[PDB]
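Any read-out appearing in this document is the output of simple, stated calculations on the displayed coordinates, not a laboratory observation. Ideal geometry is used to build each Cβ from the backbone, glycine not excepted, and the neighbour counts take in all protein chains shown.
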Amino acid sequence: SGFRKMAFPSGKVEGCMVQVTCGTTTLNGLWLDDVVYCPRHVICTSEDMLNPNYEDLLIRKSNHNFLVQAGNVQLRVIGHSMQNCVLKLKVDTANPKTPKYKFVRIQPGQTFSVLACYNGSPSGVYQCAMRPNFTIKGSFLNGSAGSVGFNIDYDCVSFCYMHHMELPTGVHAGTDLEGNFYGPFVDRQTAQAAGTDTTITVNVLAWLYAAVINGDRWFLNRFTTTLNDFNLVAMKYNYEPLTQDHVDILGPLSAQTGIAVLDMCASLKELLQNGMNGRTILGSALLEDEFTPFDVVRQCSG
Amino acid sequence: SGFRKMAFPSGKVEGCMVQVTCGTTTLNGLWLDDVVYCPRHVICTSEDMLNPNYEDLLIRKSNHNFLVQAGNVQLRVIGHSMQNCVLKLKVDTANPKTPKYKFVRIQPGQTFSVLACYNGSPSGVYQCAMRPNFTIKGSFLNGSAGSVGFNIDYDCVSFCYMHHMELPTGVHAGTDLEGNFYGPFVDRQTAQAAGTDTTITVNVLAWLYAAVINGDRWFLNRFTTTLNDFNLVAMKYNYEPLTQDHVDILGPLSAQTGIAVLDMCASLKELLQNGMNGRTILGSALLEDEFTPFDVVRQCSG
Amino acid sequence: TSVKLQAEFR
Amino acid sequence: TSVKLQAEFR
């Protein structure tokens, strides 16, 4: 028994974390093979931050203007290029601790482990989800840019995030490993605001399945509901609509418990309209939507 | 900014997990230098579980009765010895991945990051706190016995916990790295219930300090209280007493926020009495006692 | 009703 | 009231 917020063992990613210093700006870099990726605002000064042109700022910097340091080793940069919001620094030494990796772009509702680093040294790991408004709710301080989000299939690390900045509301925005931001955001300290956030419906349902596997069952009910009638009232409580694919991936969670997907959707309908009435599910007084159906099989089944 | 439940990077510990098998019983061991550490109930069959004689069960064992496996490489055992509830198995090869480490024993209320493995292969990592009744609320399935809980300071891994069993309540129990159990527990399959659980009072103040740094302010109280008057109300709601040391340890956060610790106590008194009134603190409708003052400072101060 | 030691028996 | 790029500047 037991269900927890649980990140992948970060060792394979820690062996790729380096420090990158250009001028006076310092962030983190991801060292895979003989290429180093890092957010492009390492070439920004404390002044040119409001409205900078990175292509202008880039031509002004050459190879020896980037200082990469991997532990007690300093990597001589041989080349530089820019892909969207990341800089690709070629180095004279391929990382010997390089895992097998894929660059993937996750979609809203999926999760990943975050390895927060400072000065290229990792500091802590935790689990985040790409919220519908295309932000994550992480814990990032100054100099935490360049930290990466990832998932490990088994021996393969799927890098899917790279930290860049924090919005006024206190949440965080970043890019995939091809420099493509998550959301309508740009890397400029300006008046940017994230869209209104919604609740990841399928992740609450999957998390209610994780409770059933642990013996918790009180929230359940005898009622039935349709997909269209559920998503209607899901919309009523600022809940995302449940598509057919989401119901499909909830299958193995339905099979082991026998509780059908639409029937647990009826359990959610009752909790939305009434509340929890002072009780706690898995030790929580509000519904949690950051645990995918995958994250539950990874921990409860088997 | 933001505040998240966050574990330590498990890289240095990932290179210390091995598989241990006596007969057909399998679990995990901790490979440090030329020594493997693991629970003693690995020498038990499926039957000797009520009242097992670990002394009488170990005399019949020899070195070639312990199959220690580090990945796809087995380590020849040259000596074994029992020490409290753990077994230490000497091996012919010193672990090339051993980092700097200490064997510490933690107090109730202190945190540590668990790296849960099955069959010597790390599965994930999460942060846990030692409850006042000396249990933890982790997430362990069969084959988890042997997982370690640790804290990393600098480049040293202070091993502080090793997992052993699960109570009927569902909470998790175990030993330190010298075999001495955390609490009034025994490695037998008997009906066992821990002590009565109290709220870690200092951590709740520490968790409310992180909330003021992060923008939450509605629970604050202008007027102060005393250490004598608060402890009077503290135990009213099943809270650990607040020592002057607790106040001292919160010194860094009392400085960053400008709110005295005893001012924060008056705010806790108002929150205990009235509740949250359907409002959220750091995304939680319940007061969290799982973040020590050190977890708060490390995540808030730069 | 009783404690479960969490090695892998069988 | 605006975004902050979170590399360490001087």
For every other residue with a beta carbon closer than 13 angstrom to the beta carbon of B:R76, add +1 if it is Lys or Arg and -1 if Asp or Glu, then tell me the sum.
-1
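Please rank B:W207, B:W218, B:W31, fewest neighbouring Cβ atoms within 10 Å first, as an exposure proxy. Spell out each step's value before the answer.
On the way: B:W207 23, B:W218 10, B:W31 27.
Fewest-to-most Cβ neighbours within 10 Å comes out as B:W218, B:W207, B:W31.
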Taking the Cα centre of segment A:155-242 as origin and charging only Cβ (+1 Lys, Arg; -1 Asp, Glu), how large is the dipole, in debye to the nearest 20?
440
Among B:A234, B:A260, B:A211, the residue with the largest mean-square fluctuation in a Gaussian network model of chain B built from Cα contacts under 10 Å is B:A260
For A:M276 and A:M235 in the same chain, what is the full-extension length gain: residue separation times 0.36 nm, less their Cα-Cα distance, in nm?
12.8 nm
Can you tell me how the protein assembly as shown classifies by the Cα gyration tensor, rounded, prolate or oblate, using a/c under 1.5 as the rounded cut?
rounded
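What's the whole-number percent of alpha carbon pairs in chain B lying beyond 34 angstrom? The partial results should precede the final answer.
Working: 13847 of 45451 pairs.
In whole percent, the long-distance tail amounts to 30.
Roughly how many debye, to the nearest 20, is the charge dipole of segment B:1-127 about its Cα centre, given +1 on each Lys and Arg Cβ, -1 on each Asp and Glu Cβ, and no other charges?
Values: 13 positive and 8 negative charges, 107 e Å.
Magnitude of the dipole: close to 520 debye.
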Chain B - percent relative contact order, Cα under 8 Å, separation 6 or more
17
1/(1 + (r/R0)^6) with r = Cβ-Cβ of B:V104 and B:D197, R0 = 22 Å, i.e. FRET efficiency to nearest 0.05, evaluates to 0.45
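Listing A:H164, A:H172 from the residue with the fewest other Cβ atoms within 10 Å to the one with the most, what is the order? Before the final figure, lay out the partial values.
Numbers: A:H164 30, A:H172 26.
Exposure proxy ranking, most exposed first: A:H172, A:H164.
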In nm, to one decimal, how far is the B:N221 label point from the B:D248 one, both placed 7 Å along Cα→Cβ?
2.5
Pick out which of B:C128, B:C117, B:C44 has the largest mean-square fluctuation in a Gaussian network model of chain B, springs linking Cα atoms closer than 10 Å.
B:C44
Sort segment A:27-131 into rounded, prolate or oblate with this rule: let a ≥ b ≥ c be the square roots of the eigenvalues of the Cα gyration tensor; rounded if a/c is under 1.5, and if a/c is not under 1.5, prolate when a/b is larger than b/c, oblate otherwise.
oblate
Treating cross-link reach as a plain straight distance, find the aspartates and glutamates whose alpha-carbon is under 17 Å from the alpha-carbon of A:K5, omitting any fewer than eight places away in the same chain.
A:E288, A:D289, A:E290, A:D295, B:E288, B:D289, B:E290, B:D295
Checking B:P168, B:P122, B:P241 against a Gaussian network model of chain B (alpha-carbon springs below 10 Å), the top fluctuating residue turns out to be B:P168
Cross-link candidates for B:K236: which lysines have Cα within less than 17 Å, leaving aside residues fewer than 8 places away along the same chain?
B:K269
Determine which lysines satisfy two conditions relative to A:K100: a Cα distance under 22 Å, and not lying fewer than 8 residues away in the same chain.
A:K12, A:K88, A:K90, B:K12, B:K97
Partner shielding of A:164-173, as the mean number of partner chain Cβ atoms within 10 Å, equals 4
With Cβ to Cβ distances under 15 Å as the rule, what net charge do the other residues near B:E178 carry (K, R +1; D, E -1)?
+2
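Using 1/(1 + (r/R0)^6) with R0 = 41 angstrom and r between the beta carbons of A:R76 and B:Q69, what's the FRET efficiency to the nearest 0.05? Intermediate values should be presented prior to the final figure.
Working: r = 41 Å, r/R0 = 0.99.
Between A:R76 and B:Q69 the formula returns 0.50.
Which whole number gives the average, over all residues in B:135-142, of C-beta atoms from other chains lying within 10 Å of the residue C-beta?
On the way: counts 0, 1, 4, 5, 10, 5, 8, 8.
Taking all residues of B:135-142 together, the mean is 5.
Neighbouring Cβ atoms within 10 Å as the yardstick, rank B:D187, B:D33 fewest first.
Values: B:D187 25, B:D33 12.
Going from least to most buried by this count: B:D33, B:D187.
What dipole magnitude, in Debye to the nearest 20, does the protein assembly as shown give about its Cα centre under +1 on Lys/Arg Cβ and -1 on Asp/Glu Cβ?
On the way: 48 positive and 54 negative charges, 71 e Å.
Rounded to the nearest 20 debye, it is 340 debye.
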